[PDB]
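The chains referred to below are lettered A, B, ... by the order of the sequence lines, with proteins before strands, and numbering in each begins at 1. Side-chain atoms are counted along with the backbone in the values below, which use heavy atoms only and exclude waters and symmetry mates.
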Amino acid sequence: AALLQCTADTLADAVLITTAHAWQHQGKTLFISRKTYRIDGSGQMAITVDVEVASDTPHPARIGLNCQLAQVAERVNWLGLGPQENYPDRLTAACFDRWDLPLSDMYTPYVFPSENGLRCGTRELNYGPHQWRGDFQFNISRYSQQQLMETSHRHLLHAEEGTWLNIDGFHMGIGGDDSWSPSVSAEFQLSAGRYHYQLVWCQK
Amino acid sequence: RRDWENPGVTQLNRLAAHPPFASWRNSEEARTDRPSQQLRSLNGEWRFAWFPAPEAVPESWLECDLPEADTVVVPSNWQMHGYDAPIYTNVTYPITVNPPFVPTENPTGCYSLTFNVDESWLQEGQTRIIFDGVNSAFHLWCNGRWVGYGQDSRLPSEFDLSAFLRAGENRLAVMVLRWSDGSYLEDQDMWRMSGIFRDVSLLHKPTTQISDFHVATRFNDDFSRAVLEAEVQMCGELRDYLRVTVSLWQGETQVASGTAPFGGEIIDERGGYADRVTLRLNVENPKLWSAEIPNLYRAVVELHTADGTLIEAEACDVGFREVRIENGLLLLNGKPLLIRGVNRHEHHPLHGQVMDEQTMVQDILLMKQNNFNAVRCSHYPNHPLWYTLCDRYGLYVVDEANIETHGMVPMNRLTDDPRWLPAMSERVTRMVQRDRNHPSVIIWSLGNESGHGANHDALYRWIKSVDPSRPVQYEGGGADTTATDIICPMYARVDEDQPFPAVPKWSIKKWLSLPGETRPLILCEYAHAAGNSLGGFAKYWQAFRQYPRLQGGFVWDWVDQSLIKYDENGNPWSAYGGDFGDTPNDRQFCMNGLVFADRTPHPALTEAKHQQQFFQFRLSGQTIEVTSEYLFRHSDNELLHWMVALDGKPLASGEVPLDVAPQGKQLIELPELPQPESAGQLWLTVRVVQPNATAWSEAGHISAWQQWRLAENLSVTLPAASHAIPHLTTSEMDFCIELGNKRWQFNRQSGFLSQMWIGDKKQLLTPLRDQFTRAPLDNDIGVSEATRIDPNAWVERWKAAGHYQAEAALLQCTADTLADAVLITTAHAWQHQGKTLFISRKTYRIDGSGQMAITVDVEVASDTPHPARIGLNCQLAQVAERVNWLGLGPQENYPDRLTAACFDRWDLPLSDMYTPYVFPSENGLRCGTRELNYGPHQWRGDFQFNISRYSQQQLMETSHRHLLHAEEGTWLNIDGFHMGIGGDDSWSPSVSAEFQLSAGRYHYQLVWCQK
Ligand SMILES: CC(C)S[C@@H]1O[C@H](CO)[C@H](O)[C@H](O)[C@H]1O
Ligand SMILES: [Mg+2]
Ligand SMILES: [Mg+2]
Ligand SMILES: [Mg+2]
Ligand code: NA
Ligand code: NA
Ligand code: NA
Ligand code: NA
Ligand code: NA
């Protein structure tokens, strides 16, 4: 990530942080992320994200935010599709409602570790003292995308300090027509070039 | 006898039907198809008088000219001359349904002609008169004596006048009835007219004559050899010295010839036909006929004596081709056809239903220039010249019987009634007897929209029996009955089933594989082109190319059936149903063509041309793969041009000769492309150009094209910040922003940008406000009307939800001063009767550069019908001459009809940004636009837009385009999103789900500044 802009403005009843980043690889600009963080008197942080994806780079696996929370709670409560793991092209069985599960159930123990546990069409997520609202997809666990990506067996995984949260505005399909050639249908590929999503973070 | 109210009597003393005759008395004339001294035209000025009924016609009219009659041109429709009104009705009959009766008030046209006849024509032989088309029934008198009667408005009626004529002057009297029992079989969706609308002529034949002849061509497996077989029939006295010689010519070269005396082979216990003979000619390596290469031979049939004295000669163009269905596929000369067809009615805005050579040629050229290779004669036999042109220019033709009983309840009430079998059979058999020698005709059709009756099965079998060289199709009763060799549905969709009871319209992909089905599927009608239509057209062609048995279809239809009328200032304007006082009527439903009545193209024509291309392309790296869809010809008049451009700015271009075999492929390696300096998106555009002119196209004709996005360089560099900082002036009623010579005014009560200034010049006439509706397209309206509302039609759903009445309620309007800009934030709620339909949240950011960045986020209640659009609109005070934009163009294009449009830098005069649909509606939209320029304004982003002198309101309230009045300034509609236009049909919702605005939440952003 290369910082292109970072400014702070004071509004009537809020502070406005504007940022812009460019992700590059060997001179090529893959993605551009422009955000605004508006923190008002009610203590809520409204995050606006607008991303640009070069039309000639392979469509990205996801478009969102992530971070490792210090908090480690027992439950995960959310108003969205559930209760089980569901992805864009595998979410017809999930139902929209208020779900509440222990953190461990938000992780799927696939023998061969990988991205897992996502829940789509979520309008509200609650974890510990935190509350996120909007319309996103998410997975939350004690394993970072990096560890899952480097570990060959699930029994070799180790809980990391705190909790890793991945909140996506968009996530690519998982496919499956077969597992030896690209099988994610075009309608589930992130090829729009320009994406927008908004999140409100606050204290439940 | 009131013969016009008896389906049992369809004619009296009419001669047998036969192929086109000219009775040449010189063989070379027949070979070269030059005019024949024995075939005279009686077209020109005739005498005409109108009467309210046949009972009002004075007997004196039979003996001499009525002084009150007028001199008029013939052929013609008398409604086009103003004697009475033309009636436009779709399904419902124009007369009370009480078969076989017609109204007592039956408009009667009394035609008469005083003409001269050479004595040589009466000293020997037979002189007959031919009426190519009389609508809808008539009696004929010659020199005061009754000659005959005839029905069926679309086929020639011939009578022997030999015993009624005298040398010198003669007078014909023709009483034409508008309505007859034949009218129950002519309920096609088109203007209802009448009169002698086709050619009238006199033909002289010898007493001993060729009375009929059939030409057939059989081939070996690889078509390297063929046998031409000609059955010739004669009338007159049989003599042993009589002979028939049939010669086949390839240009000026005779390639085959055969002679023989009359006397056919034994056929049954009583012998054979002594008055017939069949000649068989061998042809090695025949040049095959096809729409790709219309190779033609000339067959000359000579009736002569053994000593070599010619009696008479007849002839026809011959196209060596084989039509057959095998293993579920329609093949032409052994290859599977892909029908790029269209339905074409015989219509002229000035002459009504009278056809002329120039108009026919103009149609054929435009059709071929737009990649069509087939035409359906909806829904009757055409003017004889039409087939000759299709034979020579090369178009596959579906010849159809003049039989449509759409308005009956049920639809097959007459077609399943044996009492009507006689009338129906004649409409079928006489068509076959007339057109069977035309190579262009590859398929026979039993008629249109008359349900499915036993009479159809009978006539289907009759054709299969008399002419096994052509498939027979018929759509009635479900499109896949026992009366059709081809599944030929009308408006069946690609993926969506429409399970109507008894006569469902299955998805065409699904139809093919139903249990036990094996026939090929070709839509007799699809992609209803009413007004702003053809949305989803590309979906059809994708299926046609993927499924072997989906062999295409015929678009509905070719040309708008609008008629010309004149106002006070004598100015002409396009009229439709009801504009002649005709009532009841079906208003604008008579306009569904790809071109206007004067043959000017509708935007949709370009979409059809693109999807109907004969060359397909693929890109892999620096390699372009060109695949040919031609079945018989090589690309011997094609050149590929390629161009690479960065946001409209050309960087490199080139040309490569195309040399691809039919159904073959060619790989073209593009040279090393330079590296783009500036950021932006590189685009590759290729187009196939025909260097040489052809019979149907000029040199340089573009036949195909395709675009691809190449490398894209995202802009990361930031522009040098401006020293100037905008200033905010706050008042109770407004938020004003000043930046030097520029000012922005936001009304704090409305929450909208109400005015802009550049110096002291106002830039707006109407505030910039959100817009979620559009002046309804034909497809949005469907069959709904004020007297008969269709709650399911899109327009009715929007209206009932209050979309057109919704009022904006201001929820928030604030102003903030940033370090380098002024930020305006607004929020509006659109409600209707306590129901919030949409919520619009915006931010306007004005910086020192003078640019206003507008961000819009919209919420649409999931339970309100999906909106026609999500954008902004305003009336600019400026009226400029040009419109320049970087986006899809240059023609009008919509989400579900934009594959033909190309991304590039376009510049057009403001008038071309408006599409003159006869029935006004939303129009002129251009999608995928990143930059728009008009006068001092420039808008950047990723939007769709239209711009014109007509507000959506005026377009929505105006019934005819000639009543439109350019408003002050210029109306601009910039949409973040726009709904598809649809068109699979125009009487039910047809916009596919992927093109409906159902996401619930939408986001778009624009930057407004000066160019
Ligand atoms: C009015 C429909 C229910 S029937 C529909 O009307 C169309 C009007 O262009 C065409 O005539 C179609 O062939 C016909 O089936
Ligand atoms: Mg009759
Ligand atoms: Mg009809
Ligand atoms: Mg394309
Ligand atoms: Na892994
Ligand atoms: Na096909
Ligand atoms: Na019509
Ligand atoms: Na060529
Ligand atoms: Na209108």
Side-chain angles (χ1 to χ4, degrees), chain A residues 49 58-191 195 197 199 201 204:
Chain A
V49 188
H59 313 315
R62 49 143 54 83
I63 291 178
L65 308 177
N66 95 309
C67 67
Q68 179 171 29
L69 305 172
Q71 175 76 55
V72 177
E74 303 182 307
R75 316 290 294 192
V76 174
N77 178 293
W78 81 96
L79 174 68
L81 298 180
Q84 300 184 56
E85 165 193 286
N86 61 83
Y87 286 74
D89 57 346
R90 198 197 74 224
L91 55 64
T92 68
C95 286
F96 181 84
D97 210 303
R98 171 74 62 171
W99 305 105
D100 194 297
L101 299 172
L103 179 63
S104 61
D105 289 334
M106 303 310 282
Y107 157 76
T108 297
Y110 290 117
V111 178
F112 173 69
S114 73
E115 153 65 44
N116 75 80
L118 193 76
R119 263 70 169 182
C120 303
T122 301
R123 312 305 301 288
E124 182 188 302
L125 174 56
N126 300 297
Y127 186 57
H130 306 293
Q131 187 181 81
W132 296 271
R133 279 180 281 96
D135 184 26
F136 54 82
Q137 339 309 318
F138 83 89
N139 70 53
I140 180 178
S141 70
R142 303 295 298 287
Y143 313 114
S144 69
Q145 289 292 298
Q146 170 173 34
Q147 181 180 178
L148 293 165
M149 172 166 57
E150 313 177 320
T151 311
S152 63
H153 298 63
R154 67 176 183 183
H155 74 290
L156 297 177
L157 290 172
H158 77 280
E160 290 171 53
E161 198 190 318
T163 311
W164 280 94
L165 173 70
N166 297 295
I167 281 184
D168 303 317
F170 312 80
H171 199 100
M172 176 180 129
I174 63 180
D177 283 357
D178 70 61
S179 301
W180 40 98
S181 68
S183 65
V184 179
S185 192
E187 66 273 27
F188 292 103
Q189 288 177 45
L190 308 184
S191 57
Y195 291 85
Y197 67 92
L199 302 171
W201 192 331
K204 171 181 174 297

Among all residues two or more places apart in sequence or in another chain, which pass the ring-ring contact (aromatic ring centres under 6.0 Å, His included) test with [X]?
X	result
A:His158	none
A:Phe188	none
A:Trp201	A:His130, A:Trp132
A:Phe170	A:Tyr195

Practice prompt. Any chance you could lay out the side-chain contact (heavy atoms from CB on, under 4.5 Å) test for A:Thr163 and A:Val72, step after step, and finish with the verdict?
Written response: CA-CA 6 Å; A:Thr163 311; A:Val72 177; 3.9 Å; yes

Fill in: Closest contact, heavy atoms only, A:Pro129 versus A:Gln71
CD-OE1, 3.2 Å

Discussion item. Take a 6.0 Å sphere around CD of A:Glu161 and say whether it holds more than 12 heavy atoms from other residues, nucleotides or ligands.
Written reply: no

Practice prompt. Report yes if some heavy atom in the side chain of A:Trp99 is under 4.5 Å from a heavy atom in the side chain of A:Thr122; otherwise report no.
Written response: no

Worksheet item: Would you call A:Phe138 and A:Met106 a side-chain contact if the rule is heavy atoms closer than 4.5 Å?
Response: yes

Partner set under side chain to side chain donor-acceptor pair (under 3.5 Å) for [X], not counting sequence neighbours:
X	answer
A:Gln189	none
A:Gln145	A:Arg62, A:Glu115
A:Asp178	A:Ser181
A:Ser144	A:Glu160

Fill in: From CA spacing to verdict: side-chain contact (heavy atoms from CB on, under 4.5 Å), A:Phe136, A:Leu125
CA-CA 10 Å; A:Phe136 54 82; A:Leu125 174 56; 3.9 Å; yes

Item to complete: Measure the OH-CD distance between A:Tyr87 and A:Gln137 for me, rounded to the nearest 0.5 Å.
Response: 10.5 Å

Worksheet item: Pairs in or reaching into residues 76-85 of chain A: which pass side chain to side chain donor-acceptor pair (under 3.5 Å), with residues at least two apart or in two chains?
Response: A:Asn77-A:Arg98, A:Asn77-A:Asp100, A:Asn77-A:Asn126, A:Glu85-A:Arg90, A:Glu85-A:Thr108, A:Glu85-A:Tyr110

Taking only residues two or more places apart in sequence or in another chain, which ones pass side chain to side chain contact (heavy atoms under 4.5 Å, CB included) with [X]?
X	result
A:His153	A:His155, A:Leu156
A:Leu91	A:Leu81, A:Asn86, A:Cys120
A:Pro58	none

Practice prompt. Please report the C-alpha distance between A:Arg142 and A:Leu157 in whole Å, then the side-chain angles of each, then the deciding distance to 0.1 Å, and finally whether the side-chain contact (heavy atoms from CB on, under 4.5 Å) criterion is met.
Written response: CA-CA 10 Å; A:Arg142 303 295 298 287; A:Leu157 290 172; over 6 Å; no

Discussion item. Walk me through whether A:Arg119 and A:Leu101 qualify under side-chain contact (heavy atoms from CB on, under 4.5 Å).
Written reply: CA-CA 12 Å; A:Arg119 263 70 169 182; A:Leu101 299 172; 3.8 Å; yes

